[PDB]
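Asks: Pasting a structure here, questions to come.
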Amino acid sequence: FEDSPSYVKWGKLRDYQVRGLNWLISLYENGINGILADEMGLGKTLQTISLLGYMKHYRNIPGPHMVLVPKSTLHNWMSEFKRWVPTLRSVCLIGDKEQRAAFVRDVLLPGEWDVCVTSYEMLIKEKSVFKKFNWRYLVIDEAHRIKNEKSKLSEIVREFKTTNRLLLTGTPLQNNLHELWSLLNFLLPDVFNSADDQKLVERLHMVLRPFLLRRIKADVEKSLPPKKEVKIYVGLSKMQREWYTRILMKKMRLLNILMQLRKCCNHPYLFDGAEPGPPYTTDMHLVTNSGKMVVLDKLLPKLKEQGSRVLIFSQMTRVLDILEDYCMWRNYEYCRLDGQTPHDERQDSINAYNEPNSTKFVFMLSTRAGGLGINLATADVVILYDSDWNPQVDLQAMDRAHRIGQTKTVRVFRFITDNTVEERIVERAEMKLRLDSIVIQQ
Amino acid sequence: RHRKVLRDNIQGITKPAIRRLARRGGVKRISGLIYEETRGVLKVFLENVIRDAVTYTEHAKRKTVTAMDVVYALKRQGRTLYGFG
Amino acid sequence: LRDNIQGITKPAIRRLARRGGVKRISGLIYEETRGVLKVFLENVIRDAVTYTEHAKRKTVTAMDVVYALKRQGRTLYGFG
Amino acid sequence: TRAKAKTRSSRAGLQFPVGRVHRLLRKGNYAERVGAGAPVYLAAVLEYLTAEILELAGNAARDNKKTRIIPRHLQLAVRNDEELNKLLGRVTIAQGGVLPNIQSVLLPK
Amino acid sequence: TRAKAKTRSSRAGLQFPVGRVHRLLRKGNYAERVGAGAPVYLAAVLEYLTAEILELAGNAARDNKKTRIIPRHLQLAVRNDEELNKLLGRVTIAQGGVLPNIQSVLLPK
Amino acid sequence: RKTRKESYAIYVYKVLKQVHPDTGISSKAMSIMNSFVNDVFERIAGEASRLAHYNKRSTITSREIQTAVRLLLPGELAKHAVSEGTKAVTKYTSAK
Amino acid sequence: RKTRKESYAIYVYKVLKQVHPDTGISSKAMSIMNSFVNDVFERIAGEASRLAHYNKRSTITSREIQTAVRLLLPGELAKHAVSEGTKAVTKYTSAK
Amino acid sequence: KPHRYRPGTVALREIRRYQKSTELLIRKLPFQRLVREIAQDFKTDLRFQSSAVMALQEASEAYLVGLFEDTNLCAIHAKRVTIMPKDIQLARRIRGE
Amino acid sequence: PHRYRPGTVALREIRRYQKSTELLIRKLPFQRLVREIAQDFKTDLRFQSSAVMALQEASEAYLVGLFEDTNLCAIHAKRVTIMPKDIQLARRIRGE
DNA sequence: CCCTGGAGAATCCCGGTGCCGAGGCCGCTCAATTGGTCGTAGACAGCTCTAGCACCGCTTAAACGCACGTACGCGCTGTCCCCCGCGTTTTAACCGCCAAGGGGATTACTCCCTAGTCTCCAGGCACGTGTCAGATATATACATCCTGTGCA
DNA sequence: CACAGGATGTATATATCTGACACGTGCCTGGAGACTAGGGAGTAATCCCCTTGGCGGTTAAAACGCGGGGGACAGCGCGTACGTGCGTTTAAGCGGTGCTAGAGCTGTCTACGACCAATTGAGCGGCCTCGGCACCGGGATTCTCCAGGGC
Ligand SMILES: Nc1ncnc2c1ncn2[C@@H]1O[C@H](COP(=O)(O)OP(=O)(O)O)[C@@H](O)[C@H]1O
């Protein structure tokens with residue numbers, strides 16, 4: 001279908017959208033299950049809406065369908081369903097026991113709907129009800145949730161009776177080949193039921209070519225200047241060295257040695273006793289007792305007398321607290337988006353940081369907070385105080401400011417501590433990123 | 001320097017929990033000063049039992065406390081427990 | 001053979017109570033004390049006679065009494 | 001030739017491991033020598049005590065409309081019987097609960 | 001030739017019989033084997049406890065203006081000490097009496 | 001194939017089927033029964049050992065077990081267990 | 001023809017003359033002290049035998065005696081007793 | 001106007017309910033934290049099996065239930081209906097703790 | 001004439017009997033009671049004198065401790081007179 | 001008024017008796033000394049699965065907080081009878097002594113019971129596996145409190 | 001003061017589902033069969049000790065009665081703190097990442113410390129004997145309780 005059908009309302013599909021629709025239709029005609037890796041921001045939901053509308057209109061047996069989405073995207077998917085293709089009817093399962101029972105026994109059990117939108121928790125709670133209805137199409141958004149086998153959600157989603165299946169995920173490869181095998185096993189269990197140049201790389205490419213479709217965000221926009229990166233090696237403070245030696249040699253409970261070395265290369269004040277006594281002042285103690293803090297104290301004012309609008313990503317709330325203390329000492333505007341920030345407090349913070357004429361300067365973010373959102377286009381500099389094992393998490397954190405709404409250069413400064421575990425972490429992350437590249441980017 | 005303390009763990013034994021224990025004991029009305037005494041006596045009991053269990057675990061040259069060590073400690077106290085060993 | 005539990009007399013019970021540290025004694029407590037004493041002696045003598053019969057003797061020994069008391073949780077120092 | 005092997009439990013008409021009891025006695029450092037009839041006697045006594053407690057627990061389960069025995073039934077059987085309660089006075093049963101017992105002064109009147 | 005006999009109590013500097021403790025451990029059905037240091041350790045512990053009790057009892061006797069120790073002195077010493085009282089909290093000392101105390105509510109107004 | 005752990009579960013099940021033919025038992029109840037059997041065995045064996053040491057003998061016999069049963073069990077249970085043990089010993093001596 | 005009975009009487013008397021040089025003891029008090037020594041011996045030895053059984057070993061060692069003392073004696077008594085026993089063991093190992 | 005029960009009906013109702021059950025009345029995670037805090041003083045770098053904490057909780061609940069039963073007996077002896085720290089102390093003193 | 005108030009003689013007796021250490025029950029009545037109780041367990045039982053003395057010591061100690069607990073119960077009830085209710089409460093809490 | 005006198009009990013100092021603890025001897029049995037052996041425990045690899053650390057998202061039951069009213073704990077009074085102090089009379093404990101015999105304690109001997117060994121094999125234990133009993137949810141039907149309303 | 005009725009909690013059926021109990025199977029290791037050797041204990045006999053039975057005198061202790069005060073127990077009143085129900089907050093519980101090591105469990109090898117045996121000499125238990133500590137009585141003190149200036 002070289003052109004989008006007429007059932008789509010509120011706009012017409014794009015060329016990449018219609019070619020993805022054709023890919024999905026070829027997949028269904030061949031009777032195969034596949035993965036759309038079109039990356040976040042390239043209309044995966046719109047393509048799936050178009051596929052469901054095709055199945056409802058051009059084919060005369062639209063049966064029960066189920067779409068699994070994160071709870072943070074239920075409203076967005078329902079809105080897209082109602083706007084783009086109003087000809088199809090969709091229902092959502094969310095709420096407590098009484099709301100769930102009312103919804104099921106009033107709309108679901110009678111059986112007049114065609115598409116059911118549920119989140120993971122509601123699927124686990126209502127697996128008995130959702131298990132009864134024969135399923136014609138199972139859509140899983142952000143499919144990297146079911147990577148681990150023998151997880152409850154993976155077992156429950158493989159227990160259903162589904163004629164056709166589909167996965168939507170921007171990052172099919174995260175750490176190993178086992179997750180890719182798990183996704184392909186969910187797709188076609190018969191074909192992939194084992195332990196997944198010529199002997200390597202190329203063989204994987206030939207295997208995955210029929211069952212995959214990924215388009216990098218470069219053939220659509222032709223804008224958004226590419227990623228710029230700088231790596232900064234930093235030595236630690238002297239008490240940081242002393243504590244590093246103390247932890248290496250072996251009274252405080254230091255069970256996970258790697259877990260201690262992590263923060264110990266960030267700031268020793270996280271340990272008990274490394275702080276000064278009763279006065280607990282916040283004047284220049286933080287700066288001189290962490291080399292990364294010294295380098296950040298150098299970097300931030302220069303960006304401020306320059307483009308400013310910096311994002312700082314860290315992997316620990318304690319580190320975020322210390323950074324908040326430092327920012328208060330330096331009299332900077334700071335915003336803390338963390339796991340503990342209530343949902344309403346996040347939205348106004350994001351909007352105010354994105355206000356057309358703002359004054360906010362520092363935005364502290366835990367690297368795994370929120371997810372698949374947060375459009376901080378006005379930001380310029382992205383500072384990764386730490387780095388985690390998955391390079392995908394770092395990539396999504398750095399592209400949270402590198403979005404289609406960005407118009408100027410964005411730079412990512414990555415701090416690393418020499419002769420410590422940070423070298424191991426960064427080299428592992430690079431190994432996983434190169435696996436991702438050499439297996440995916442083609 | 002930015003840290004805070006949530007609550008002492010002996011306060012994690014809550015007032016409704018102590019009330020439920022008293023209800024199973026067969027108590028109708030409870031004075032408000034009961035909860036501190038209950039926490040104290042529970043702390044004493046736990047300290048004795050845990051000291052005996054840690055002694056057993058140290059003797060076995062292990063760093064893990066086991067249900068068998070706990071039941072041996074209870075049998076030493078004179079509180080034989082059936083169902084774990 | 002009777003009246004010898006009544007040989008455990010009110011002055012003797014009062015002396016025991018005074019060593020315990022009591023001041024005023026109700027009149028109904030003497031029979032209760034006699035019953036308690038009978039129960040205690042019954043248990044101890046039962047165990048002691050069992051030990052004696054196992055020893056195949058006819059004489060009850062201080063050792064049998066001490067063993068019975070120890071096995072009931074009331075160790076006695078001063079008789080072996 | 002070699003005669004057929006018959007268990008000492010079969011000889012004594014018991015459902016308990018006389019041989020295992022003898023081995024436990026000899027390995028338990030109770031005495032240097034163990035008699036022949038001592039393990040038989042001990043196995044019979046253990047069997048009788050098990051029979052008593054199991055009969056009471058099964059009665060409790062039957063009046064509780066349940067086929068299987070649970071620690072609650074074990075606790076209900078151990079209590080409500082004077083001799084067993086005296087024997088197991090210092091014993092705690094996991095997930096056993098307490099007998100229903102409300103003092104008469106607390107009853108509404 | 002052979003050297004002159006030297007007792008293990010003399011070697012360890014104790015006043016309690018290491019050899020007799022070793023013999024009692026061997027004949028007491030506690031374990032199949034007994035180490036060399038266990039009798040010495042046990043003799044030292046018994047000597048320490050005896051010395052502590054005797055010191056307290058002698059102080060109590062001198063408080064009575066007597067020279068010889070009696071069961072009353074032993075009972076006073078044991079019951080006036082927290083840790084010894086805990087150790088001997090289920091023991092009855094013959095001809096020992098009780099600690100003198102009167103509850104304050106019984107004293108004259 | 002882990003290490004072998006010995007328990008009285010099968011014998012408890014046999015006695016259970018003897019007493020109540022149509023009834024069952026759970027894992028926790030079986031564990032409690034195993035603990036009860038172990039504890040009673042320990043008490044009886046220890047009391048018999050102490051009797052033998054008191055009388056200066058080196059053998060634990062049916063007489064020692066009977067005396068320990070009388071010392072540990074409360075009355076009616078003691079007499080019933082004594083009868084059962086004597087009957088079993090008579091059967092064993094008569095047989096082999 | 002009275003057979004020989006053993007007692008700790010002379011050792012208790014030696015300890016008494018060491019701690020209170022000019023204080024005597026009576027026969028009833030000596031009997032009480034002998035019974036006390038026997039009771040403590042039995043408690044510690046039984047605890048050590050149970051420890052050996054729990055750890056599945058065959059020999060009683062100074063480690064087991066120390067653990068039994070820590071279990072039985074409370075607090076300061078246990079600390080002082082452990083110190084005294086350790087000193088005695090070191091002296092025995094050096095002298096021999 | 002709104003329905004309300006007399007002061008003591010819900011108490012007896014809860015007595016019957018919790019005497020009919022066998023569940024654990026304390027919260028598992030707070031009890032685990034308390035156990036770890038106590039054991040830290042005795043020895044550092046100590047790990048607990050899950051079953052050890054469960055056995056500790058069972059034993060502690062049984063001890064507290066028995067203590068409260070004796071406390072209630074003392075309070076009834078004192079011609080009262082409320083239990084008091086006096087009753088708890090008397091029960092502990094008579095039991096020998 | 002001279003007459004003491006009702007309760008000073010009781011305190012004098014309390015002090016003297018807590019200071020003394022003799023036995024407070026008559027020996028021949030206690031021996032007759034012991035023999036009569038022993039007549040239900042076996043016939044023609046002979047008793048050593050030490051056995052009867054030890055039984056008397058244990059019984060007196062038990063009764064003294066029971067009276068202490070009973071006095072505590074009576075004081076808890078805001079009284080000064082000990083009662084069978086107090087004795088029963090003490091026994092119930094002790095576990096008898 | 002409290003403070004003083006009387007009277008009884010408790011305390012302290014001295015002198016004469018009794019017996020029990022401390023010391024000195026004999027002999028015999030148990031502990032020390034050498035020598036030889038083996039099996040127990042230490043030490044060390046390899047494997048594997050649970051446990052700990054710092055977070056994130058989500059749900060919901062439980063906990064916290066709060067205001068009200070009501071049984072209830074506590075104090076204060078009054079009554080009466082029960083318990084205590086004291087004198088008198090009687091009964092049996094306590095002590096001393098004597099007489100007889102059952103029975104505990106010891107020794108010598110023999111046998112029969114049990115420890116230890118080797119062979120054999122079957123009962124018990126770990127591993128899979130499937131069906132049923134118990135848990136849960138949900139609509140009924142019943143029993144239980146509690147208050148008002150004629151009874152005043 | 002005694003029912004009617006309302007509201008609420010609790011028992012009762014019935015239908016669904018799931019995960020644990022009960023069963024079958026293969027293997028292996030510990031119990032049974034047959035045997036021999038040696039020493040623990042059953043049996044008989046002897047001695048002497050220590051328990052029991054009895055008598056007589058003593059005196060302390062128990063039993064009985066009497067009189068009076070203080071403590072127990074019922075009753076009333078108050079004002080307070082705890083139960084009860086509702087609304088808001090928090091963290092307990094569940095399901096996930098994300099690495100590593102870590103700690104416990106099993107198999108193998110090998111040395112040293114504990115058992116065992118024979119031999120011998122002091123350490124210790126039983127037996128006497130004797131004098132100093134405890135005891136017992138006596139007589140001169142200090143404390144404490146009870147009645148009254150309502151001394
Ligand atoms: N019809 C469309 N045509 C072009 N771009 C679109 C369209 N719909 C959404 N987008 C782009 O997709 C981005 C968000 O991606 P995503 O949430 O995946 O979209 P969808 O929910 O439609 O799949 C937006 O920034 C927007 O620019």
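These residue numbers are counts, starting from 1, taken along the chain as shown.
How was it done? The header gives electron microscopy, 3.1 Å.
Heads up, the Cβ atoms here are built off N, Cα and C, so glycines get one too.
Annotations per Swiss-Prot:
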type: LIPID; residues: I:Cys73; note: S-palmitoyl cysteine
type: MOD_RES; residues: I:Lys19; note: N6-(2-hydroxyisobutyryl)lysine
type: MOD_RES; residues: I:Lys19; note: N6-lactoyllysine
type: MOD_RES; residues: I:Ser20; note: phosphoserine
type: MOD_RES; residues: I:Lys27; note: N6-(2-hydroxyisobutyryl)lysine
type: MOD_RES; residues: I:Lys42; note: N6-succinyllysine
type: MOD_RES; residues: I:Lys42; note: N6,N6,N6-trimethyllysine
type: MOD_RES; residues: I:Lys42; note: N6-methyllysine
type: MOD_RES; residues: I:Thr43; note: phosphothreonine
type: MOD_RES; residues: I:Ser49; note: phosphoserine
type: MOD_RES; residues: I:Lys78; note: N6-acetyllysine
type: MOD_RES; residues: I:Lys85; note: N6-acetyllysine
type: MOD_RES; residues: I:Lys85; note: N6-glutaryllysine
Asks: Quick check: of the recorded positions listed here (I:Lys19, I:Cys73, I:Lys78, I:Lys85), which one has the Cα closest to that of I:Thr43 (phosphothreonine)?
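Replies: Among I:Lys19, I:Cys73, I:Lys78, I:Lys85, I:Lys85.
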Asks: I'm trying to understand the geometry here, so how far is the Cα atom of I:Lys42 (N6-succinyllysine) from the Cα atom of I:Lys27 (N6-(2-hydroxyisobutyryl)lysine), in Å to the nearest whole number?
Replies: 22
Asks: Going by DSSP, give the three-state secondary structure for I:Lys19 (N6-(2-hydroxyisobutyryl)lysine).
Replies: helix
Asks: What's the CA-CA gap between I:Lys85 (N6-acetyllysine) and I:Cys73 (S-palmitoyl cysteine) in angstrom, rounded?
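Replies: Here the two Cα atoms lie 9 Å apart.
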Asks: Any idea what the Cα distance is from I:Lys19 (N6-(2-hydroxyisobutyryl)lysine) over to I:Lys27 (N6-(2-hydroxyisobutyryl)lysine), rounded to a whole Å?
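Replies: Computed Cα spacing between I:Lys19 (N6-(2-hydroxyisobutyryl)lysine) and I:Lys27 (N6-(2-hydroxyisobutyryl)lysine) is 21 Å.
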Asks: So of all those recorded positions, I:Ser20, I:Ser49, I:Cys73, I:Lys78, which one's Cα sits nearest to I:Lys27 (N6-(2-hydroxyisobutyryl)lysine)?
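Replies: Of the recorded positions I:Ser20, I:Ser49, I:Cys73, I:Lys78, I:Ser49 has its Cα closest to that of I:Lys27 (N6-(2-hydroxyisobutyryl)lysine).
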Asks: Looking only at I:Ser20, I:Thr43, I:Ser49, which of these modified residues has the biggest number of Cβ atoms within 10 Å around its Cβ?
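Replies: Ranked by Cβ atoms within 10 Å, first place goes to I:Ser20.
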Asks: For I:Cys73 (S-palmitoyl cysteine) and I:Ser20 (phosphoserine), what Cα-Cα distance in Å is obtained after rounding to a whole number?
Replies: 25
Asks: I need the CA-to-CA distance for I:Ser20 (phosphoserine) versus I:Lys78 (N6-acetyllysine), whole Å please.
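Replies: For I:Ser20 (phosphoserine) versus I:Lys78 (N6-acetyllysine), the Cα atoms are 29 Å apart.
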Asks: Between I:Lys78 (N6-acetyllysine) and I:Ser49 (phosphoserine), what C-alpha distance do you get in Å?
Replies: 44
Asks: Taking the Cβ of I:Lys42 (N6-succinyllysine) as the centre, count every other Cβ atom within 10 Å, in any protein chain shown.
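Replies: The answer is 14 other Cβ atoms.
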Asks: What subset of the modified residues I:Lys19, I:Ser20, I:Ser49, I:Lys85 has a Cβ sitting under 8 Å from a Cβ of chain E?
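Replies: Listed modified residues passing the 8 Å Cβ cut to E: I:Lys19, I:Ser20.
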Asks: So which of these modified residues, I:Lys42, I:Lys78, I:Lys85, get their C-beta under 8 angstroms from chain C?
Replies: I:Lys42
Asks: Which one, from the modified residues I:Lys19, I:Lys27, I:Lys78, I:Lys85, has the smallest tally of other C-beta atoms lying within 10 Å of its C-beta?
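Replies: Each of the modified residues I:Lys19, I:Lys27, I:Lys78, I:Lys85 was scored; lowest Cβ tally within 10 Å is I:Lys78.
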Asks: Using all protein chains in view, find how many other C-beta atoms are within 10 Å of the C-beta of I:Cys73 (S-palmitoyl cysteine).
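Replies: Cβ-Cβ neighbours of I:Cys73 (S-palmitoyl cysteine) within 10 Å number 24.
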Asks: Below 8 Å between Cβ atoms and chain H: which of I:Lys42, I:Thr43, I:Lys85 make it? I'm asking about the modified residues.
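Replies: The answer, in sequence order, is I:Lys85.
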